[PDB]
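See structure below.
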There are 2 protein chains.
Amino acid sequence: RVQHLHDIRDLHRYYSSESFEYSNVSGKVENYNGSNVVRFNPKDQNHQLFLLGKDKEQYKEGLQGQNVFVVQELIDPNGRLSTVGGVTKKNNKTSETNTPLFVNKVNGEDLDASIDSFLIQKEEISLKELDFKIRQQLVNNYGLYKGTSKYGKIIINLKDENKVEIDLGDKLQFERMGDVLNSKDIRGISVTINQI
Amino acid sequence: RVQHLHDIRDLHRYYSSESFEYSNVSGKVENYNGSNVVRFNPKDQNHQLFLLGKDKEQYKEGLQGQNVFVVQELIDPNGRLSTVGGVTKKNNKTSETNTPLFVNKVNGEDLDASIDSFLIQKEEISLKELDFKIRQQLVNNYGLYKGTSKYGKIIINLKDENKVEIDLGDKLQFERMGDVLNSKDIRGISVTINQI
């Protein structure tokens, strides 16, 4: 599994790929080359979930019915779908939350700036899901990872106390995907895409 | 009075100049070169208020004790301070409203993006006052109108229905100063300075 997706077409592929959600998942912590994993099967496919970030310590005893946001890294030689983090807690509570999204496309001297909205539907959300769904919104609605759009940052205002900065030029660091944010605490998101 | 400040040091002068607020001001609408004005004196200085935007219709019957945000356009030979718009409602209730302020500073390939807040203290606020205090905040803490910082935009999300876009490259258009915003409906502000 590759951390660093260089090439604009690889980024587009990854952040365009379909993602999934699954509720009430359980699994003991097996290992896999030091990397903690958890094997489960929602229906018709074995998954193995890598716990690398804050989630590694957090779920040292395994998963007892949590929510899991799944993005496909690869299919290993046994047919297991490898995904990393995305583990929110054991009963995210359907909460309609529209948080302001600003997208600013800087092309040389031209600044194209628009207002928008980001839809969260749960009490808390993994940084993996924010990162993925935001970028998927940007790729789909704003031409991210097409043409000269690739570099830039996603800044998130968390309760006016912390800035969560995400670099657009590469895939989100794997060890950050364990992070979990309170949905109601997200005051807003401002994206800026620095066109080459 | 001059609409267009082209040089960076004029823009710095204007948006660094001290502003003033006055409550309970009344005054009949007079005439001055085809412009509708209202003359008043809070204490020691005659003022000459210009109603050029939406506020020209709104206050056709003069001011009956409204609030007025004052920025000094100039002192004419008679000692009268000329100011433009900035008129909000009477009994503008005091009310804290911190609204997310994002500032992103693009310098070629570098993006310097930070989270901030913007302080409003009323149910209503003129665009003149948003524009002014936002820019004064950018002047004071983000080096606006000093280095190469001049161009770029302010983006205000208004109830998710309208984007109010302001160009940092010039002084705000005089006709927009009469505009009024509902403080609680401002979802956030995203500034992007394009260091060029």
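Naming works like this for the structure tokens: A, B, ... for the chains as they're shown, residue 1 at the start of each chain, ligands 1 onward in shown order.
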
Shell of 8 Å around residue 107 in chain A, only C-alpha atoms, local chain residues under 5 positions omitted, as a PyMOL selection string: chain A and resi 112+194-196

Could the residues of chain B that have an atom at most 8 Å from chain A be listed as JSON lines, each with its closest atom pair and the distance in Å to one decimal, counting only C-alpha atoms and ordered by chain and ascending residue number?
```
{"residue": "B:100", "atom": "CA", "partner": "A:187", "partner_atom": "CA", "distance": 6.5}
{"residue": "B:102", "atom": "CA", "partner": "A:190", "partner_atom": "CA", "distance": 6.5}
{"residue": "B:104", "atom": "CA", "partner": "A:192", "partner_atom": "CA", "distance": 7.4}
{"residue": "B:106", "atom": "CA", "partner": "A:194", "partner_atom": "CA", "distance": 7.8}
{"residue": "B:109", "atom": "CA", "partner": "A:194", "partner_atom": "CA", "distance": 7.2}
{"residue": "B:111", "atom": "CA", "partner": "A:152", "partner_atom": "CA", "distance": 6.9}
{"residue": "B:113", "atom": "CA", "partner": "A:155", "partner_atom": "CA", "distance": 7.0}
{"residue": "B:114", "atom": "CA", "partner": "A:163", "partner_atom": "CA", "distance": 7.2}
{"residue": "B:115", "atom": "CA", "partner": "A:157", "partner_atom": "CA", "distance": 6.0}
{"residue": "B:116", "atom": "CA", "partner": "A:160", "partner_atom": "CA", "distance": 7.2}
{"residue": "B:117", "atom": "CA", "partner": "A:160", "partner_atom": "CA", "distance": 7.5}
{"residue": "B:152", "atom": "CA", "partner": "A:111", "partner_atom": "CA", "distance": 6.8}
{"residue": "B:153", "atom": "CA", "partner": "A:111", "partner_atom": "CA", "distance": 7.6}
{"residue": "B:155", "atom": "CA", "partner": "A:113", "partner_atom": "CA", "distance": 7.1}
{"residue": "B:156", "atom": "CA", "partner": "A:115", "partner_atom": "CA", "distance": 7.8}
{"residue": "B:157", "atom": "CA", "partner": "A:115", "partner_atom": "CA", "distance": 6.0}
{"residue": "B:160", "atom": "CA", "partner": "A:116", "partner_atom": "CA", "distance": 7.1}
{"residue": "B:163", "atom": "CA", "partner": "A:115", "partner_atom": "CA", "distance": 6.3}
{"residue": "B:187", "atom": "CA", "partner": "A:100", "partner_atom": "CA", "distance": 6.5}
{"residue": "B:188", "atom": "CA", "partner": "A:100", "partner_atom": "CA", "distance": 6.9}
{"residue": "B:190", "atom": "CA", "partner": "A:102", "partner_atom": "CA", "distance": 6.5}
{"residue": "B:192", "atom": "CA", "partner": "A:104", "partner_atom": "CA", "distance": 7.4}
{"residue": "B:194", "atom": "CA", "partner": "A:109", "partner_atom": "CA", "distance": 7.4}
{"residue": "B:196", "atom": "CA", "partner": "A:109", "partner_atom": "CA", "distance": 7.5}
```

All residues 8 Å or closer to residue 20 in chain B, only C-alpha atoms, same chain fewer than 5 positions away omitted, as a PyMOL selection string: chain B and resi 69-71

Go ahead and write the selection's residues with N, CA, C and O atoms as a PDB file, in the first residue's frame.
```
ATOM      1  N   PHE B  69     -21.809  54.428  10.868  1.00  0.00           N
ATOM      2  CA  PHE B  69     -20.380  54.133  10.837  1.00  0.00           C
ATOM      3  C   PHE B  69     -19.675  55.137   9.924  1.00  0.00           C
ATOM      4  O   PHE B  69     -20.023  55.273   8.754  1.00  0.00           O
ATOM      5  N   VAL B  70     -18.675  55.818  10.474  1.00  0.00           N
ATOM      6  CA  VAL B  70     -18.008  56.928   9.808  1.00  0.00           C
ATOM      7  C   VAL B  70     -16.548  56.627   9.513  1.00  0.00           C
ATOM      8  O   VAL B  70     -15.762  56.383  10.418  1.00  0.00           O
ATOM      9  N   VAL B  71     -16.208  56.648   8.231  1.00  0.00           N
ATOM     10  CA  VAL B  71     -14.821  56.689   7.780  1.00  0.00           C
ATOM     11  C   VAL B  71     -14.616  58.019   7.065  1.00  0.00           C
ATOM     12  O   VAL B  71     -15.464  58.437   6.280  1.00  0.00           O
TER      13      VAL B  71
END
```

Backbone DSSP call of strand (DSSP E) for range 32-124 of chain A, listed as JSON, numbers by chain: {"A": [32, 35, 36, 37, 38, 39, 40, 47, 48, 49, 50, 51, 63, 64, 65, 66, 67, 68, 69, 70, 74, 75, 81, 82, 83, 84, 87, 88, 97, 98, 99, 100, 101, 102, 103, 104, 105, 106, 107, 110, 111, 112, 113, 114, 115, 116, 117, 118, 119, 120, 124]}

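Comparing the minimum interatomic distances between residue 170 in chain B and each of B:54, B:12, B:1, B:185, counting only C-alpha atoms, we find that B:12 sits nearest.
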
Hey, what's within 9 Å of residue 89 in chain A if we count only C-alpha atoms and toss same-chain stuff fewer than 6 positions away? As a compact mmCIF listing (two decimals) with N, CA and C atoms, in the first residue's frame, please?
```txt
# COMPACT_ATOMS: atom_id res chain seq x y z
N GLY A 65 -18.42 -2.83 17.67
CA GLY A 65 -19.56 -2.19 17.03
C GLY A 65 -19.45 -0.72 16.62
N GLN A 66 -18.27 -0.28 16.21
CA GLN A 66 -18.07 1.10 15.75
C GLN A 66 -18.53 1.33 14.31
N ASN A 67 -18.49 2.59 13.89
CA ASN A 67 -18.66 2.96 12.49
C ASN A 67 -17.30 3.03 11.81
N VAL A 68 -17.25 2.69 10.52
CA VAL A 68 -16.00 2.65 9.78
C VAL A 68 -16.19 3.23 8.39
N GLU A 124 -19.73 12.75 15.35
CA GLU A 124 -18.32 12.90 15.05
C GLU A 124 -17.98 12.25 13.69
N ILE A 125 -16.80 12.60 13.19
CA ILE A 125 -16.34 12.22 11.86
C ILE A 125 -14.83 12.07 11.87
```
